[PDB]
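A.B. asks: Any chance you can model this:
(chains A, B, C, D, E, F, G and H, ligands or ions: 23)
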Amino acid sequence: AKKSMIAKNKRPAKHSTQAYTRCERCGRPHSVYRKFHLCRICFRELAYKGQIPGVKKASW
Amino acid sequence: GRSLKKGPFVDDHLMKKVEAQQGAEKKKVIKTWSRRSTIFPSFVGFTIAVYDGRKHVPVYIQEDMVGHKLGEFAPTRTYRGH
Amino acid sequence: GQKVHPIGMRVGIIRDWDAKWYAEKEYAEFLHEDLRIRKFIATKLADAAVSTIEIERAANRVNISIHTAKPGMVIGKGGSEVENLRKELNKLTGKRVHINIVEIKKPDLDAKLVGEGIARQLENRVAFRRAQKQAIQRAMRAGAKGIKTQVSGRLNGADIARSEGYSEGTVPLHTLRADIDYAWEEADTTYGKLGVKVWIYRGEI
Amino acid sequence: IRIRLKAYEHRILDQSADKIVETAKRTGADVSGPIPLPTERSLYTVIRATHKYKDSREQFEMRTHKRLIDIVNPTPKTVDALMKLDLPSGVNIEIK
Amino acid sequence: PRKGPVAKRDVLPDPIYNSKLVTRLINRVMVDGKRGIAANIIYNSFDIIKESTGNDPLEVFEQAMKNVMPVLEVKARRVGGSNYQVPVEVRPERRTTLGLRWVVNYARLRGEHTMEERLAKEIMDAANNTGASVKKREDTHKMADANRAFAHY
Amino acid sequence: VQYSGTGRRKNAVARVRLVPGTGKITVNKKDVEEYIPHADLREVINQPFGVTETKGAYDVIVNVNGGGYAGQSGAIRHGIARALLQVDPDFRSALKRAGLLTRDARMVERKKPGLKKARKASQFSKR
Amino acid sequence: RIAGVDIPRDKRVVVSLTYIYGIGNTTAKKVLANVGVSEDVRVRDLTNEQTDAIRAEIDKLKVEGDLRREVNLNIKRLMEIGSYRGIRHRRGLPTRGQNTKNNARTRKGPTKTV
RNA sequence: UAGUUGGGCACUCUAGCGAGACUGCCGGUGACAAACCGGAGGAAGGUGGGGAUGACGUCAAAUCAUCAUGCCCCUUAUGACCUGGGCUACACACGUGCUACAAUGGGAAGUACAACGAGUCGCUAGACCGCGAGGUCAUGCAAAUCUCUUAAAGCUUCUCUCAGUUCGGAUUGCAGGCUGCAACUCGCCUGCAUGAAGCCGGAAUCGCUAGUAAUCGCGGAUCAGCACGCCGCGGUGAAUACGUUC
Ligand SMILES: [K+]
Ligand SMILES: [K+]
Ligand SMILES: [K+]
Ligand SMILES: [K+]
Ligand SMILES: [K+]
Ligand SMILES: [K+]
Ligand SMILES: [K+]
Ligand SMILES: [K+]
Ligand SMILES: [K+]
Ligand SMILES: [K+]
Ligand SMILES: [K+]
Ligand SMILES: [K+]
Ligand SMILES: [Mg+2]
Ligand SMILES: [Mg+2]
Ligand SMILES: [Mg+2]
Ligand SMILES: [Mg+2]
Ligand SMILES: [Mg+2]
Ligand SMILES: [Mg+2]
Ligand SMILES: [Mg+2]
Ligand SMILES: [Mg+2]
Ligand SMILES: [Mg+2]
Ligand SMILES: [Mg+2]
Ligand SMILES: [Zn+2]
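C.D. replies: Residues are numbered from 1 along each chain as shown, chains lettered A, B, ... in the order given. Ligands and ions are numbered 1, 2, ... in the order given. Shown next is the protein structure:
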């Protein structure tokens, strides 16, 4: 049901609060960063690849 | 709770049905999915079959019942005990 | 135990962002644009030995440096092939796409290229041991200070999956100064997916 | 003239700042700076695993170094000179 | 720990009585790092001590420490299938520790409404050689004597 | 003539300035007692004079900011020691052996992930 | 005493008035402000005329049996209409939306270990 | 009136380049070493403190529900659209936390010191209304420039006086605020009303060796609305380490 959910999420929502954010890379609904529009999994995956500008391992 | 400025709330379709039935000698059951509707003094005198998640339960309206959401008068889930 | 991604570990120490551009309000749109561009380029030039894609952004322009071991193949005759790619990318993105090509000297020392080659062979039903060994020899001849490779899955279609790996030289993943290239590729077989990992250590930085 | 530069890497930021200062200084207008500003930092934490395993985490820091330049007595040539000096995509530049 | 004895952190003497012992007492009474309340209560208690007895509160407190500080403690030791206590001389650091610990514990148990009042009452009794703190010290010495047959361990 | 100095402790940083006087100490335009109402902290501040035998010799004007009162008290002490060294190098021996020169580097240990504090861990149940 | 409840005598007047059912700390302060009586003075020292004025204020208020009957009428009203709230009252369960898998002891009663 | 204005960057601060800590030097032990003990200097001495970093492997551990995927099953249905409902149930059992059981305290008043981070239709100054939640007008700020944001413990006065209380803040009635089409199922917050259990906790059990524990606030990610959770920050700040028998 992932594809149908993805398509419906893309479509405009009937009411404002209905609109919800998915990971545009995989469609995962939960833990979707607004800054990157990616889930945590996809974000961490791409960040390791180095294809998310600016991001890097945090340490202090 | 609900802001006073916004005024009372009720679904438009439900409101239209009650208004059309206002001049009715014998009120007929109003089948509604709308739990959100607030009850109104005009609503008094009617029986409303409110959806409970699996069927429309009829509930009779009266002056005491006014001022509350319809869905409250129709319990969703059933629990008998252990 | 698990290990940090070899590239992601050194990103910012000696490795740099492949998406080389800066933005604040269009970060999301530009990142999604980059992802779609990468996907389309990978699908289009799968045959070509395309390893690295670097994106730079200046106003509405987008510069794309594509590294390949077959620059002739990617360009085509008289710039024909790259021009067609540019037009398709313009349609996809909606903005000017400047394209640059780079010749990958020593493809044997590239993680993704070596891994993809092993994946092709596994799809072709070569002995995985032979594939990894000859890949290692090519890398060592190319001059890697070290190489390491691993293939995991239902080897030979076996019911119980396992992992077989080889290495030569030195591949100190923990040493941060060390320039250790890494890449992961999946070789899809009749029995499912087989995962190939390659670590290549060149002269440290 | 006031110029704000932002970059994820201080090295290219400094290189571009030197370029701006040299071109402005070459054009003759006086230059004030480069003035470092507090590098902005954002942090994001994600569960290292893909399922359960809440305790094990990983944290990612995005750093934005910013430099400020103030060019005094701007000559007419300086404005075009600074509009011609093109910095890499890795540095974001703001003028006034 | 396993490696060996560690270095001990020192404490600067008191601002108004200029002694490390008073500061140790302040830290002892301290709760949740609210050293301001701790030191205020200690000073109020010493004022009450001077009031109820024109003597030096510092001298009274030293007398209370000498009265409560144990000499022979009992350390539990397991011998085969039987475990029993063994008498042991108390190193001076633990002596002061036990004195301050007992005083504060028993002072907190007292029935007076305010802590400084309770502490003052307990300190005076200890200086007088009476009260729960001296009672605890007597019990420890009494237990040491009872199990004294195990001293050879 | 004013002898300057700087002290740091936790997140508190103090710019100290000695002017010869009666030992009156003003911090951020207010007296030590007004600002630091804790006698313990005030005595900590005054330690350098006691070790260097310069009691009451110099009044101090300190501009300090950041951190809490106790941290700022430590920072004030460090700045005063540095200012005394400026006044006289020969104070170095006494100041060092008292450790006033040494920079107290103990900072706030960061919170670890998964751990409710720098070292506190969730309550553990075996089963 | 005031409305038929012997408020504590030694305590301060504010707290003594609170001991009245239907009167909280805020209402106690308000009535003392109206009457002009200091909040610190104890009731045992309060003069009789002050007591009469305070009684007049309270009489204006609605408290004690009146308040209990009013609130119980509301609860009775819920139950008689048979609302969800009425059934919550009827079965002694949290009415304001609390979870019941755990806690809910206040409404439910003591634990029945079964 | 204001570091305001003029003026200067000296100091702090900011962020680049650097220097520094390397058992580097002295003494002692040592098998001529390794190394260990101490000293000097020095801000830091022996890894200075903390983070990242997780070897070959182990548990057919977890994940076919992030994703991908062999094979098997459904294909007018296990696929798809809409409304409503549930995941929030509730005799009980367990884990993890929040608040408490009070005077090292509660209440009233005064007064002082942080850091980390967030803000465009968002942070929002100031002012008007409102007891409050907030409403109105309206300002600056895409931000070391304005705002969120005068932090809480603290310290200094007044009150309470050992009371299941002026502790407690559960439960419940009424009346409001917001967000949203919508607050009943089923949000948060506020005022009035009420004041539950709870008097320091059986067997057993958890964390921690220092700016740690303990204790106090602050920011943020998700986010129309919603945290006692999580990430991070700063304030105050201990006791103890005898020792390796269990
Ligand atoms: K989401
Ligand atoms: K519930
Ligand atoms: K529970
Ligand atoms: K510097
Ligand atoms: K799947
Ligand atoms: K599958
Ligand atoms: K359990
Ligand atoms: K909790
Ligand atoms: K008080
Ligand atoms: K609701
Ligand atoms: K307990
Ligand atoms: K929120
Ligand atoms: Mg939502
Ligand atoms: Mg009352
Ligand atoms: Mg609820
Ligand atoms: Mg290591
Ligand atoms: Mg299994
Ligand atoms: Mg599937
Ligand atoms: Mg659930
Ligand atoms: Mg009690
Ligand atoms: Mg340890
Ligand atoms: Mg802290
Ligand atoms: Zn994703």
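
A.B. asks: The helix or strand residue F:62 falls within near RNA strand H at all?
C.D. replies: Element membership of residue F:62, judged by DSSP states H and E, is strand F:58-65. Yes: using CB under 7 Å from any atom of the strand, strand F:58-65 reaches RNA strand H at residue F:65. Every C-beta, even on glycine, is put in place using the N, C-alpha and C of the backbone.

A.B. asks: Now that strand: buried residues?
C.D. replies: F:58, F:60, F:61, F:62, F:64 (16 or more other CB atoms under 10 Å in any protein chain shown).

A.B. asks: Residue of chain B nearest chain D, please.
C.D. replies: Relative to chain D, the nearest point of chain B is residue B:77 (29.5 Å; CB to the nearest CB).

A.B. asks: how close does the residue in chain D positioned nearest to chain E get to chain G?
C.D. replies: Proximity of chain D to chain E (CB to the nearest CB) peaks at residue D:55, 26.8 Å away. Per CB to the nearest CB, to the nearest Å, residue D:55 is found 24 Å from chain G.

A.B. asks: re the thing from before, centre of the chain versus the strand holding residue F:62, how much separation?
C.D. replies: 11 Å (CA atoms, centre = their mean, to the nearest Å).

A.B. asks: what's the angle between the next helix or strand after it and strand F:58-65?
C.D. replies: Under the assignment DSSP H and E, the closest C-terminal helix or strand after strand F:58-65 is helix F:69-87. Here helix F:69-87 runs at an angle of 130 degrees relative to strand F:58-65 (axes from the mean of the first three to the mean of the last three CA atoms, to 10 degrees).

A.B. asks: buried set for helix F:69-87?
C.D. replies: In helix F:69-87, the ones that count as buried by 16+ other CB under 10 Å are F:70-87.

A.B. asks: go on, stretch F:14-31?
C.D. replies: F:14, F:15, F:16, F:17, F:18, F:25, F:26, F:27.

A.B. asks: Between those, which sits nearest residue F:112?
C.D. replies: Residue F:112 lies nearest to residue F:14 out of these, by CB to CB, at 30.7 Å.

A.B. asks: Can you classify that closest one by secondary structure?
C.D. replies: Using DSSP: H, G, I helix; E, B strand; the rest coil, the structure places residue F:14 in strand.

A.B. asks: Run through the residues of chain B sitting next to RNA strand H.
C.D. replies: B:1-6, B:9, B:33-36, B:51-54, B:68-72, B:76-77, B:79, B:81-82.

A.B. asks: are any of these buried, and which?
C.D. replies: The buried subset of the residues of chain B next to RNA strand H (16+ other CB under 10 Å) comprises B:34, B:35, B:51, B:52, B:68, B:69, B:70, B:71, B:72.

A.B. asks: Out of the residues you listed, list just those in strands.
C.D. replies: residue B:51 (DSSP state E).

A.B. asks: Within reach of chain E, which of the buried ones among the residues of chain B next to RNA strand H are there?
C.D. replies: Among these, no residue is within reach of chain E (CB under 8 Å from any CB of the partner chain).

A.B. asks: what sits against the residue of chain D closest to chain E?
C.D. replies: F:113, F:114 (CB atoms under 8 Å, 6 or more residues apart in numbering or on different chains).

A.B. asks: Using neighbour counts, pick out the buried residues of the helix or strand that contains residue G:49.
C.D. replies: Using DSSP H and E, residue G:49 sits within helix G:48-60. Within helix G:48-60, the residues scored as buried using 16+ other CB under 10 Å are G:50, G:53, G:54, G:57, G:58.

A.B. asks: The fourth one - nearest residue in space that isn't next to it in sequence?
C.D. replies: Counting by CB to CB, 6 or more residues apart in numbering or on different chains, residue G:57 lies nearest to residue G:31, which is 4.5 Å off, once chain neighbours are set aside.

A.B. asks: quick one, what contacts that neighbour?
C.D. replies: G:17, G:23, G:54, G:57, G:58, G:61.

A.B. asks: anything in the helix or strand where it lies near ligand 14?
C.D. replies: Assessed by DSSP H and E, residue G:31 sits inside helix G:25-35. No: using CB under 5 Å from the ion, helix G:25-35 stays clear of ligand 14, coming no nearer than 7.3 Å.

A.B. asks: All the strands of chain A, residue numbers only.
C.D. replies: A:32-33, A:38-39.

A.B. asks: for chain E, same thing?
C.D. replies: Under DSSP E, chain E gives strands at E:72-79, E:82-89.

A.B. asks: returning to that earlier point: can you lay out the strands of chain A as a markdown table showing distance to residue E:38 and mean neighbour count?
C.D. replies: What follows is those, written out as a markdown table (distance: least, CB to CB, whole Å; neighbours: other CB atoms under 10 Å in any protein chain shown):
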| stretch | distance to residue E:38 | mean neighbour count |
| --- | --- | --- |
| strand A:32-33 | 47 | 18 |
| strand A:38-39 | 51 | 26 |
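
A.B. asks: Name the residues that touch stretch C:52-62?
C.D. replies: By CB under 8 Å, 6+ apart, stretch C:52-62 touches C:18-21, C:23, C:30, C:33-34, C:37-38, C:41, C:63-67, C:93, C:95-98, C:102, C:112, D:86, D:88-90.

A.B. asks: Just the buried ones among those residues, please.
C.D. replies: Judged by 16+ other CB under 10 Å, buried ones among the contacts of stretch C:52-62: C:18-21, C:30, C:33-34, C:37-38, C:41, C:63-67, C:93, C:97, C:112, D:89-90.

A.B. asks: Just give me how far the helix holding residue G:49 sits from the chain centre.
C.D. replies: With CA atoms, centre = their mean, you get 19 Å for helix G:48-60.

A.B. asks: same question, stretch A:21-34
C.D. replies: Computed by CA atoms, centre = their mean, the chain-centroid distance of stretch A:21-34 equals 3 Å.

A.B. asks: Export that stretch to PDB, keeping only CA atoms.
C.D. replies: The C-alpha trace of stretch A:21-34 is given here as PDB (Å, rounded to 0.1, in the frame of the first residue of the first chain):
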ATOM      1  CA  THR A  21       5.100  14.800   5.300                       C
ATOM      2  CA  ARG A  22       6.700  11.700   3.900                       C
ATOM      3  CA  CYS A  23      10.300  10.800   3.100                       C
ATOM      4  CA  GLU A  24      10.400  11.700  -0.600                       C
ATOM      5  CA  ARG A  25      13.200   9.200  -1.000                       C
ATOM      6  CA  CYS A  26      11.400   6.100   0.400                       C
ATOM      7  CA  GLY A  27       7.900   7.300   1.600                       C
ATOM      8  CA  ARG A  28       8.500   6.600   5.200                       C
ATOM      9  CA  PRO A  29       6.100   8.800   7.100                       C
ATOM     10  CA  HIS A  30       7.700   8.900  10.500                       C
ATOM     11  CA  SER A  31      10.900  10.900  11.400                       C
ATOM     12  CA  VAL A  32      10.900  13.000   8.200                       C
ATOM     13  CA  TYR A  33      13.200  15.900   8.700                       C
ATOM     14  CA  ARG A  34      11.800  19.200   7.400                       C
END
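
A.B. asks: Now that stretch: buried residues?
C.D. replies: Buried residues in stretch A:21-34 (16+ other CB under 10 Å): A:22, A:23, A:24, A:25, A:27, A:28, A:32, A:33.

A.B. asks: what sits up against the lengthiest strand in chain D?
C.D. replies: Longest strand of chain D, by residue count under DSSP E: strand D:30-47. Strand D:30-47 has contacts (CB under 8 Å, 6+ apart) with A:31, A:33, A:35, A:40-41, A:43-44, A:55, A:58, D:10, D:14, D:17, D:21, D:24-25, D:53-54, D:56-73, F:113.

A.B. asks: Pick out the residue of chain G closest to chain D.
C.D. replies: Closest point on chain G to chain D, by CB to the nearest CB, is residue G:102, at 20.8 Å.
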